[PDB]
Structure formats: C-alpha cells, structure tokens
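Contents: one structure, followed by commentary.
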Amino acid sequence: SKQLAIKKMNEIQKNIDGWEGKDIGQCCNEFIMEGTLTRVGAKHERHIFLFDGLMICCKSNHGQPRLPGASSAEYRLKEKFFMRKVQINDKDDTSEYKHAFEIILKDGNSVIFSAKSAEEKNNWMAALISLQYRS
C-alpha cells in the first residue's frame, strides 16, 4: 500500500485549490495548467490539472445521478500520471480542428490530448515543454 504518490494528488487538489497562479508544491504542483483537455480527437474531454510535471484528470464516473443520498455517489478524481520524462509534439492538421498534440511515454504508450480551444490546445503543449527546458 505505498500510494504515498497517489495520496499527494488529494492534498494537491485541496491544499492548494485549483488555479494557475498560486502554488503549493516546489516543482510538482503550482497547477501550471488548470483547465480542460481531452485525449486526441475525442468527443468527451475531461477536467485536467497539469502540475508543471504531473498530469491529473477528473470527470464524472457514472454520469450525473438524479441526486446524492438516494442510491450511492461515485464522483471523484479520474486518473493521474507523471509528465516529466515525456515530450509533447505537434501535427499538421487543419486550424479547423484536430489540432491537438501527441506526447509519448518511454515505456510503450502515447499521451495524446486535445484542448477544446485554440489557445487551450497550444497552452498545455507549452506547459509541458516549458518544464522540460529545466525542471
């Protein structure tokens, strides 16, 4: 039960709130990108929180229920990863859409995401190569 790393996200989403200005971590928080990002050209993106090195995401699990206190609630964080040894690249799609970014893991997967906007797209992509420059 060594979730000491997965336990930080909790104290990171409540001990510092959720924004892109204040920061509680030294080099693994400060929510470098608190907004919304998707996974490539998906139709259901999810909330995201970039910790200038970490990559967390949140979203309703069983959709929104009629009301809490009736059958059971399951709302909570979604998934989390380590965005520090990864690199975000770009593609040659059309300004119309599909202009997301494709990051890759060094194990055998690819962290491709897509913001529902123009600045939001190039936003998370820059928050990644931004930490690589140094952190």
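Letters A, B, ... go to the chains of the structure tokens in the order shown; residues in each chain start at 1; ligands are counted from 1 in the same order.
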
Item to check | Backbone-only DSSP, alpha helix (DSSP H) members of stretch 2-135 of chain A, as a PyMOL selection string | outcome: chain A and resi 6-14+119-132

Those same residues, written as a PDB file, in the first residue's frame with N, CA, C and O atoms?
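New file selection34.pdb:
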```pdb
ATOM      1  N   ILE A   6       0.185   8.632  -4.897  1.00  0.00           N
ATOM      2  CA  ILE A   6      -1.214   8.852  -5.348  1.00  0.00           C
ATOM      3  C   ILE A   6      -1.988   9.571  -4.242  1.00  0.00           C
ATOM      4  O   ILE A   6      -3.097  10.025  -4.438  1.00  0.00           O
ATOM      5  N   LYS A   7      -1.404   9.683  -3.081  1.00  0.00           N
ATOM      6  CA  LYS A   7      -2.093  10.377  -1.961  1.00  0.00           C
ATOM      7  C   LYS A   7      -1.794  11.876  -2.064  1.00  0.00           C
ATOM      8  O   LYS A   7      -2.486  12.699  -1.501  1.00  0.00           O
ATOM      9  N   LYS A   8      -0.764  12.231  -2.783  1.00  0.00           N
ATOM     10  CA  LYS A   8      -0.417  13.671  -2.927  1.00  0.00           C
ATOM     11  C   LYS A   8      -1.499  14.375  -3.748  1.00  0.00           C
ATOM     12  O   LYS A   8      -1.929  15.459  -3.417  1.00  0.00           O
ATOM     13  N   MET A   9      -1.940  13.769  -4.817  1.00  0.00           N
ATOM     14  CA  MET A   9      -2.992  14.410  -5.657  1.00  0.00           C
ATOM     15  C   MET A   9      -4.138  14.906  -4.768  1.00  0.00           C
ATOM     16  O   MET A   9      -4.648  15.993  -4.951  1.00  0.00           O
ATOM     17  N   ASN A  10      -4.550  14.121  -3.809  1.00  0.00           N
ATOM     18  CA  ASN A  10      -5.665  14.554  -2.916  1.00  0.00           C
ATOM     19  C   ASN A  10      -5.274  15.851  -2.207  1.00  0.00           C
ATOM     20  O   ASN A  10      -5.931  16.866  -2.334  1.00  0.00           O
ATOM     21  N   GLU A  11      -4.204  15.825  -1.462  1.00  0.00           N
ATOM     22  CA  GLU A  11      -3.755  17.051  -0.742  1.00  0.00           C
ATOM     23  C   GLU A  11      -3.329  18.115  -1.758  1.00  0.00           C
ATOM     24  O   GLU A  11      -3.069  19.248  -1.414  1.00  0.00           O
ATOM     25  N   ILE A  12      -3.247  17.754  -3.007  1.00  0.00           N
ATOM     26  CA  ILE A  12      -2.830  18.734  -4.047  1.00  0.00           C
ATOM     27  C   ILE A  12      -4.067  19.390  -4.654  1.00  0.00           C
ATOM     28  O   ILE A  12      -4.012  20.479  -5.182  1.00  0.00           O
ATOM     29  N   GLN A  13      -5.183  18.731  -4.585  1.00  0.00           N
ATOM     30  CA  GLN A  13      -6.427  19.314  -5.156  1.00  0.00           C
ATOM     31  C   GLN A  13      -7.190  20.063  -4.060  1.00  0.00           C
ATOM     32  O   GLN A  13      -8.168  20.734  -4.322  1.00  0.00           O
ATOM     33  N   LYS A  14      -6.765  19.938  -2.831  1.00  0.00           N
ATOM     34  CA  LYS A  14      -7.487  20.626  -1.725  1.00  0.00           C
ATOM     35  C   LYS A  14      -6.541  21.506  -0.914  1.00  0.00           C
ATOM     36  O   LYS A  14      -6.959  22.456  -0.281  1.00  0.00           O
ATOM     37  N   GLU A 119      -6.067  28.443 -28.016  1.00  0.00           N
ATOM     38  CA  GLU A 119      -5.027  28.759 -27.003  1.00  0.00           C
ATOM     39  C   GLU A 119      -4.955  27.620 -25.985  1.00  0.00           C
ATOM     40  O   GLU A 119      -3.896  27.262 -25.512  1.00  0.00           O
ATOM     41  N   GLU A 120      -6.078  27.044 -25.650  1.00  0.00           N
ATOM     42  CA  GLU A 120      -6.074  25.926 -24.668  1.00  0.00           C
ATOM     43  C   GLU A 120      -5.268  24.760 -25.242  1.00  0.00           C
ATOM     44  O   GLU A 120      -4.616  24.030 -24.522  1.00  0.00           O
ATOM     45  N   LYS A 121      -5.303  24.585 -26.534  1.00  0.00           N
ATOM     46  CA  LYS A 121      -4.533  23.472 -27.156  1.00  0.00           C
ATOM     47  C   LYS A 121      -3.037  23.766 -27.033  1.00  0.00           C
ATOM     48  O   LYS A 121      -2.297  23.032 -26.408  1.00  0.00           O
ATOM     49  N   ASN A 122      -2.590  24.840 -27.622  1.00  0.00           N
ATOM     50  CA  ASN A 122      -1.145  25.192 -27.541  1.00  0.00           C
ATOM     51  C   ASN A 122      -0.785  25.541 -26.096  1.00  0.00           C
ATOM     52  O   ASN A 122       0.370  25.706 -25.756  1.00  0.00           O
ATOM     53  N   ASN A 123      -1.766  25.665 -25.245  1.00  0.00           N
ATOM     54  CA  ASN A 123      -1.481  26.017 -23.827  1.00  0.00           C
ATOM     55  C   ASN A 123      -0.853  24.827 -23.102  1.00  0.00           C
ATOM     56  O   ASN A 123       0.268  24.899 -22.637  1.00  0.00           O
ATOM     57  N   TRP A 124      -1.559  23.736 -22.985  1.00  0.00           N
ATOM     58  CA  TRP A 124      -0.983  22.566 -22.273  1.00  0.00           C
ATOM     59  C   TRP A 124       0.293  22.104 -22.975  1.00  0.00           C
ATOM     60  O   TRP A 124       1.246  21.698 -22.342  1.00  0.00           O
ATOM     61  N   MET A 125       0.323  22.160 -24.276  1.00  0.00           N
ATOM     62  CA  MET A 125       1.543  21.719 -25.006  1.00  0.00           C
ATOM     63  C   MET A 125       2.740  22.562 -24.551  1.00  0.00           C
ATOM     64  O   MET A 125       3.845  22.070 -24.437  1.00  0.00           O
ATOM     65  N   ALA A 126       2.537  23.825 -24.307  1.00  0.00           N
ATOM     66  CA  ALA A 126       3.677  24.681 -23.881  1.00  0.00           C
ATOM     67  C   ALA A 126       4.001  24.423 -22.407  1.00  0.00           C
ATOM     68  O   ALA A 126       5.143  24.474 -21.997  1.00  0.00           O
ATOM     69  N   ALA A 127       3.010  24.148 -21.605  1.00  0.00           N
ATOM     70  CA  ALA A 127       3.272  23.890 -20.159  1.00  0.00           C
ATOM     71  C   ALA A 127       4.103  22.617 -20.013  1.00  0.00           C
ATOM     72  O   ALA A 127       4.690  22.363 -18.981  1.00  0.00           O
ATOM     73  N   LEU A 128       4.166  21.815 -21.039  1.00  0.00           N
ATOM     74  CA  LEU A 128       4.969  20.567 -20.948  1.00  0.00           C
ATOM     75  C   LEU A 128       6.412  20.875 -21.338  1.00  0.00           C
ATOM     76  O   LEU A 128       7.325  20.720 -20.552  1.00  0.00           O
ATOM     77  N   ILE A 129       6.626  21.324 -22.544  1.00  0.00           N
ATOM     78  CA  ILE A 129       7.995  21.656 -22.980  1.00  0.00           C
ATOM     79  C   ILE A 129       8.522  22.803 -22.111  1.00  0.00           C
ATOM     80  O   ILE A 129       9.702  23.093 -22.095  1.00  0.00           O
ATOM     81  N   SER A 130       7.653  23.452 -21.381  1.00  0.00           N
ATOM     82  CA  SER A 130       8.103  24.571 -20.510  1.00  0.00           C
ATOM     83  C   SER A 130       8.903  24.000 -19.339  1.00  0.00           C
ATOM     84  O   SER A 130       9.932  24.525 -18.963  1.00  0.00           O
ATOM     85  N   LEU A 131       8.438  22.927 -18.759  1.00  0.00           N
ATOM     86  CA  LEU A 131       9.168  22.322 -17.615  1.00  0.00           C
ATOM     87  C   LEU A 131      10.390  21.563 -18.138  1.00  0.00           C
ATOM     88  O   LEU A 131      11.436  21.548 -17.519  1.00  0.00           O
ATOM     89  N   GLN A 132      10.266  20.932 -19.274  1.00  0.00           N
ATOM     90  CA  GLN A 132      11.418  20.173 -19.837  1.00  0.00           C
ATOM     91  C   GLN A 132      12.633  21.096 -19.949  1.00  0.00           C
ATOM     92  O   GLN A 132      13.744  20.718 -19.631  1.00  0.00           O
TER      93      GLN A 132
END
```

Closest atom pairs, residues of stretch 33-103 of chain A within 9 Å of stretch 16-22 of chain A, only C-alpha atoms, as JSON lines:
```
{"residue": "A:33", "atom": "CA", "partner": "A:20", "partner_atom": "CA", "distance": 5.8}
{"residue": "A:34", "atom": "CA", "partner": "A:19", "partner_atom": "CA", "distance": 5.3}
{"residue": "A:35", "atom": "CA", "partner": "A:19", "partner_atom": "CA", "distance": 8.1}
{"residue": "A:49", "atom": "CA", "partner": "A:18", "partner_atom": "CA", "distance": 7.9}
```

Next on the checklist: For a quick check of understanding, using only C-alpha atoms, which of A:116, A:99, A:106, A:66 has the smallest distance to residue A:84?
Outcome noted: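 Distance minimum relative to residue A:84 lands on A:106.
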
Item to check | Among the residues A:40, A:100, A:55, A:32, the one that comes closest to residue A:86 [using only C-alpha atoms] | outcome: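 When distances to residue A:86 are compared using only C-alpha atoms, the smallest one comes from A:55.
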
Checklist entry - Using only C-alpha atoms, which of the listed residues (A:88, A:77, A:111, A:57) sits closest to residue A:37? => result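 Of all the options, A:57 lies closest to residue A:37.
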
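Ranking A:64, A:109, A:15, A:114 by their shortest atom-to-atom distance to residue A:90, with only C-alpha atoms included, puts A:114 first.
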